[PDB]
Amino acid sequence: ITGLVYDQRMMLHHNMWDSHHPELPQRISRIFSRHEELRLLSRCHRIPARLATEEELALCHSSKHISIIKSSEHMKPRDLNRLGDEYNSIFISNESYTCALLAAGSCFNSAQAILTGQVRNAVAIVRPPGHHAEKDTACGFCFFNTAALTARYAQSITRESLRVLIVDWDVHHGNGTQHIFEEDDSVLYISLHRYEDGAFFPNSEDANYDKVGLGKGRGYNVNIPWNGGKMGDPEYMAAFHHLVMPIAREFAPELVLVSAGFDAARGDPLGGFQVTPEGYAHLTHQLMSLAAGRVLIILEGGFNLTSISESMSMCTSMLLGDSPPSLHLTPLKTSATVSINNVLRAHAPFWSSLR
């Protein structure tokens, strides 16, 4: 069966200076409501949220970073503003730390539910997001790297070398996730993201296809960067067909984590892409063929409330075993073919399935 975790307390994190900032509290309540409306909620096993512990945060983050974000709990508005401004694209309220702990702890409980056999797969409707967060810093609406921490947490209750695949289909590069595992061959990081040769957030060449990992982790970092404007279902289905799925099958993960931002969705003001809810359903359904179905979908970005609610609900529908909706309709944009070919050339030395 399918687990679901959601806790309205994660809505308390808010922007006190700009109440229309796109990373809204109602992102998670709208997704939760849509699950209820589509009668998906009643079909799931409800997994309780919990706080991550500071020891658990230290799986990926420095004690300094943990301490600094923790300290924000007690700050007056002026110092919250000052601290937030020390990072790239961060706002902080007194509730932020607690919400970031709940987001992480919720995902640990979800991974635990899967790994103990209580559920086969699970969805986590959480905020604030995580994948921009680095070992030592907050970034891009993210405080702690929830997905990265969850991979380590999974390893901490099974085997240090448990093979974890992280598929990051948030429209942005998960810079923090890449860096945390860059020298690691136990965690395969595969990200699809708008890149625009560095013009798209977070604006680093770290996100390019030629960054394939370091040391023993060489080959275990797969960046699929998009250039030249809007991409959609055809391009994402093709990237999964040619790259994500062949590499994933060869890696043979024992657990799949999805950094599931829905900002590549049709309608997203930040992403500018047009992946459909049906498209996200097919991506989910493909990932379910891995790791004996052990997949945990973790909300990252995604800022059109209707788009993210429809899209994530479709993912949960697939997890629950529903038939994929009818769909990949068009030839690829030429720059997407170039992107896919660039990644294939970059990773053929490491994956026999690409040769």
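Note that residue numbering follows the sequence shown and begins at 1.
*Asks:* How many missing residues of the deposited sequence lie between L327 and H328 in the entry, grouped as none, 1 to 3, 4 to 9, or 10 or more?
*Replies:* Just 1 to 3 residues are missing between them.
*Asks:* So, looking at the entry's B-factor column for Cα atoms, which has the higher mean, 278-286 or 75-83?
*Replies:* Higher mean C-alpha B-factor: 75-83.
*Asks:* So, looking at the entry's B-factor column for Cα atoms, which has the higher mean, 246-254 or 187-195?
*Replies:* The entry gives the higher C-alpha B-factor average to 246-254.
*Asks:* Looking at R127, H172, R152, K216, which one carries the largest C-alpha B-factor according to the PDB entry?
*Replies:* It is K216.
*Asks:* Between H179, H131, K211, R159, where does the Cα B-factor run highest in the record?
*Replies:* Highest C-alpha B-factor among the listed residues goes to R159.
*Asks:* Ordered by C-alpha B-factor within the chain, which third holds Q112? Give me lowest, middle or highest, please.
*Replies:* Tercile = middle for this residue's CA B-factor.
*Asks:* Is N223 in the lowest, middle or highest third of its chain when residues are ranked by C-alpha B-factor?
*Replies:* It belongs to the lowest third of the chain when residues are ordered by C-alpha B-factor.
*Asks:* Can you tell me whether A292 has a C-alpha B-factor in the lowest, middle or highest third compared with the other modelled residues of the same chain?
*Replies:* Within its chain, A292 is a highest-third residue by C-alpha B-factor, going by the deposited values.
*Asks:* Which third of the chain does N341 land in by C-alpha B-factor: lowest, middle or highest?
*Replies:* Lowest third - that is where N341 ends up once the chain's C-alpha B-factors are sorted.
*Asks:* Select lowest, middle or highest to describe the third in which the CA B-factor of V5 falls within its chain in this entry.
*Replies:* Middle third.
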